[PDB]
Amino acid sequence: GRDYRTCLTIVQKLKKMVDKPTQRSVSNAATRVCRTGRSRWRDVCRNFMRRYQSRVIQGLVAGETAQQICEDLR
């Protein structure tokens with residue numbers, strides 16, 4: 001169950017890190033997002049992105065809401 005929550009937090013973080021969400025801007029932000037925080041969050045974030053990054057990036061580029069991006073995990 002944690003995956004859905006991790007997904008929502010990451011979507012929110014990435015939307016503030018980029019200006020216009022494109023394949024390049026989002027992907028670049030996605031390599032940085034998991035490096036901010038204490039060790040537990042860095043780990044959880046990293047493990048999530050390794051599994052799910054393609055779908056997160058796709059969703060941001062599509063202008064999906066966080067819930068739409070993360071729905072398969074709900």
Side-chain angles (χ1 to χ4, degrees):
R2 136 233 293 150
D3 292 349
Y4 180 69
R5 298 188 289 282
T6 301
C7 187
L8 294 172
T9 296
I10 292 170
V11 168
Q12 291 310 110
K13 284 174 176 313
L14 288 172
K15 288 185 183 263
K16 300 182 171 65
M17 295 171 69
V18 301
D19 178 21
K20 192 181 185 40
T22 63
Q23 183 74 28
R24 181 169 174 259
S25 72
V26 178
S27 296
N28 280 333
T31 70
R32 301 183 296 239
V33 63
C34 302
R35 287 216 155 78
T36 288
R38 287 174 178 266
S39 185
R40 179 170 167 234
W41 170 247
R42 296 194 308 267
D43 192 73
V44 168
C45 184
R46 175 182 8 243
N47 294 343
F48 175 96
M49 292 297 275
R50 189 154 176 170
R51 290 158 180 147
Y52 300 108
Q53 60 82 212
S54 181
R55 178 64 179 86
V56 174
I57 295 164
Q58 177 191 112
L60 290 156
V61 174
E64 285 177 350
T65 68
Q67 294 88 342
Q68 288 166 342
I69 299 178
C70 301
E71 178 60 15
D72 304 347
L73 299 172
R74 187 173 56 75

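Along the sequence shown, residues are numbered consecutively beginning with 1. Just the heavy atoms: all of them, side chains too, but no hydrogens, waters or symmetry mates, feed the values below.
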Colleague: Could you check whether any side-chain heavy atom of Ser25 comes within less than 4.5 Å of a side-chain heavy atom of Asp19, counting everything from C-beta outward?
Modeller: no
Colleague: Let me confirm one number: the CZ-SG distance from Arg2 to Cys7, rounded to the nearest 0.5 Å.
Modeller: 14.0 Å
Colleague: Scan the side chains in residues 65-74 for donor-acceptor partners under 3.5 Å anywhere in the protein, sequence neighbours excluded, and list what turns up.
Modeller:
residue	atom	partner	partner atom	Å
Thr65	OG1	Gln68	N	3.2
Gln68	OE1	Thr65	N	3.0
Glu71	OE1	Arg74	NE	2.8
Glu71	OE2	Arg74	NH2	2.9

Colleague: Is there any side chain to side chain donor-acceptor pair (under 3.5 Å) pair reaching into residues 34-47, and which pairs are they, with sequence neighbours excluded?
Modeller: none
Colleague: Which pairs pass side chain to side chain donor-acceptor pair (under 3.5 Å) with one or both residues in residues 6-18, sequence neighbours excluded?
Modeller: none
Colleague: I need the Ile57 CD1 to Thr22 OG1 distance, nearest 0.5 Å.
Modeller: 10.5 Å
Colleague: Between side-chain atoms of residues 27-34 and protein atoms elsewhere (two or more places apart, or another chain), which donor-acceptor pairs fall under 3.5 Å?
Modeller:
residue	atom	partner	partner atom	Å
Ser27	OG	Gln23	O	2.7
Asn28	ND2	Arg24	O	3.4
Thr31	OG1	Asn28	O	2.9

Colleague: Under the ring-ring contact (aromatic ring centres under 6.0 Å, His included) rule, what pairs show up with a residue in residues 46-74, not counting sequence neighbours?
Modeller: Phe48-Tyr52
Colleague: Mind checking salt bridge (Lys or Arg N to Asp or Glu O under 4.0 Å) for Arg55 and listing every partner two or more places apart, or none if nothing turns up?
Modeller: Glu64
